[PDB]
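Here's the structure we're looking at; comments come further down.
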Amino acid sequence: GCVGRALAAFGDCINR
Amino acid sequence: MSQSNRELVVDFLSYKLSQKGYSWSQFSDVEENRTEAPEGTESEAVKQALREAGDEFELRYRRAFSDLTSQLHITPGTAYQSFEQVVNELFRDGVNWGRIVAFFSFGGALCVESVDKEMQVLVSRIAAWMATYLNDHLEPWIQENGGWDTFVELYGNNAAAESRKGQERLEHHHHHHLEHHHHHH
Ligand SMILES: *CC(=O)Nc1ccc(/N=N/c2ccc(NC(=O)C*)c(S(=O)(=O)O)c2)cc1S(=O)(=O)O
């Protein structure tokens, strides 16, 4: 669980 | 030029073990036994940009990171299938400039997740498959967005930015260029 989903998501925050 | 993506991975994994008190080279093989990329051919700026953007990624996921090792089941080489889960999303949902720093960031962490369980042997293995994934999958996309140099153009190392900004505040000017881009041989 997570990780795939989590880093996918949290990764779109590398800007703001 | 191309294999410089290796550096970007390696340099980060190196720093990752450094903040834990482990060594990359003690558990390495990447540039250890074979020479892929230089110590910083083009990458000197791109890896410098990469580590900063990577840091921006780390703290953000660090909340879950320490717990996630149970989820990924950080273990023998099949931890790349654990990191697969994530690199899978990571690629489909928007491979951008800063997005790629996430890949090499959690990859550098994937390293330590291995060393954590005292399996620091994954350290070199991960870095291999990380840079390779970049080589095969990411590099084309990167080039569509300009390249690694372009990444530092956008999100480059601001430490060095401020370093040169000091004298640039007075405006040095007087700098003309007869050069046209980076030439190759
Ligand atoms: C189990 C798991 O980890 N699941 C999961 C999935 C997704 C997220 N977070 N996604 C997400 C998406 C976008 C943002 N913000 C941005 O748009 C930049 C965030 S943020 O605001 O937290 O940075 C998060 C988390 C998790 S969780 O680890 O279970 O919480």
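Which chain is which? The protein sequence lines are B and A, in order. FYI, the authors' numbering numbers position 4 of the first sequence as 1005, with every residue one higher than the one before it. FYI, the authors' numbering numbers position 115 of the second sequence as 115, with every residue one higher than the one before it. Positions of the beta carbon are idealized from the N, C-alpha and C atoms, including for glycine.
- Any C-beta of chain B sitting closer than 7 angstroms to the C-beta of A:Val-30? Stepping through the second sequence from its first residue, residue 30 of chain A is reached at position 30. It does not; no Cβ of chain B falls within 7 angstroms.
- Cβ-based contacts, 7 angstroms cut-off: residues of the stretch 66 to 94 of chain A near chain B: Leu-68, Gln-71, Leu-72, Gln-85, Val-86, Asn-88, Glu-89, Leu-90, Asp-93, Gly-94
- Measure from the C-beta of A:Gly-98 to each C-beta in chain B and report whether the shortest distance is under 7 angstroms. Stepping through the second sequence from its first residue, residue 98 of chain A is reached at position 98. Judged by the 7 angstroms Cβ criterion, A:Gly-98 is in contact with chain B.
- Query: How big is the Cα-Cα spacing for A:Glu-89 and A:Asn-96?
  - Reply: Numbered from its first residue, the second sequence carries residue 89 of chain A at position 89. Numbered from its first residue, the second sequence carries residue 96 of chain A at position 96. Taking the straight line joining both Cα atoms gives about 13 angstroms.
- Output yes or no for whether 7 angstroms exceeds the beta carbon distance between A:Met-119 and A:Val-9. The count along the second sequence starts at 1 and reaches residue 119 of chain A at position 119. The count along the second sequence starts at 1 and reaches residue 9 of chain A at position 9. No. Outside cutoff.
- Query: How would you call A:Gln-143, buried or exposed, if buried means at least 16 neighbouring beta carbons within 10 angstroms?
  - Reply: Residue 143 of chain A sits at position 143 when you count from the first residue of the second sequence. When all chains shown are included, A:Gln-143 counts as exposed.
- What separation, rounded to the nearest whole angstrom, lies between the Cα atoms of B:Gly-1002 and A:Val-101? On the first sequence, residue 1002 of chain B is found 1 positions in, with the first residue counted as 1. On the second sequence, residue 101 of chain A is found 101 positions in, with the first residue counted as 1. Using only the alpha carbons, I get a separation of about 22 angstroms.
- Message: Under 6 angstroms: does the beta carbon of B:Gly-1002 sit that close to some heavy atom of ligand 1?
- Response: On the first sequence, position 1 is the one that residue 1002 of chain B refers to. True, at least one ligand heavy atom lies under 6 angstroms from that Cβ.
- Taking the alpha carbon of A:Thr-78 as the point to measure from, which residue in A:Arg-99, A:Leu-13, A:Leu-134, A:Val-121 has its own alpha carbon closest? Position 78 of the second sequence, counted from the start, is the residue given in the question as residue 78 of chain A. If we check each option's Cα against that of A:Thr-78, A:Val-121 comes out closest.
- Message: Using a Cβ-based criterion (distance less than 6 angstroms to any ligand heavy atom), does A:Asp-67 qualify as near ligand 1?
- Response: For the purposes of this step, residue 67 of chain A is taken as the residue at position 67 of the second sequence. No - ligand 1 has no heavy atom lying nearer than 6 angstroms to the Cβ of A:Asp-67.
- Item | Members of the stretch 48 to 66 of chain A near chain B, C-beta cut-off 8 angstroms | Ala-53, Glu-56, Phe-57, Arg-60, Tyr-61, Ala-64
- Runs of alpha helix (DSSP H) lying entirely within the stretch 28 to 85 of chain A, each at least 4 residues, in chain order: The qualifying runs are 43 to 72.
- Specify the secondary structure class of A:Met-119 as computed by DSSP and reduced to three states. Indexing the second sequence from 1 puts residue 119 of chain A at position 119. Here A:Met-119 sits in coil by DSSP.
- Message: Please confirm whether A:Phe-106 has its beta-carbon closer than 7 angstroms to some beta-carbon of chain B.
- Response: By 1-based counting over the second sequence, the position of residue 106 of chain A is 106. Judged by the 7 angstroms Cβ criterion, A:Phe-106 is in contact with chain B.
- Message: 7 angstroms is my cut-off, CB to CB: does A:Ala-102 come that close to chain B?
- Response: On the second sequence, position 102 is the one that residue 102 of chain A refers to. So, interface residue.
- So is A:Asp-136 buried or exposed if we call it buried at 16+ other beta carbons inside 10 Å? Your numbering for residue 136 of chain A matches position 136 in the second sequence. Burial state of A:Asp-136 is exposed, judged by a 10 Å Cβ sphere holding fewer than 16 other Cβ atoms.
- Query: What's the C-alpha gap between B:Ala-1007 and A:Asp-116?
  - Reply: Counted from its first residue, the first sequence places residue 1007 of chain B at position 6. Counted from its first residue, the second sequence places residue 116 of chain A at position 116. For B:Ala-1007 and A:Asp-116, the distance between alpha carbons rounds to 21 angstroms.
- Message: Strictly below 8 angstroms CB to CB, what residues from chain A border B:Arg-1006?
- Response: Residue mapping note: residue 1006 of chain B aligns to position 5 of the first sequence, counting from 1. Going along chain A in sequence order, the residues near B:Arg-1006 (Cβ under 8 angstroms) are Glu-89.
- Item | Of the residues A:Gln-48, A:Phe-151, A:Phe-83, the one placed nearest A:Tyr-15, counting alpha carbons only | The residue labelled residue 15 of chain A in the question sits at position 15 within the second sequence. The shortest Cα separation from A:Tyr-15 among A:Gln-48, A:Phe-151, A:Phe-83 belongs to A:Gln-48.
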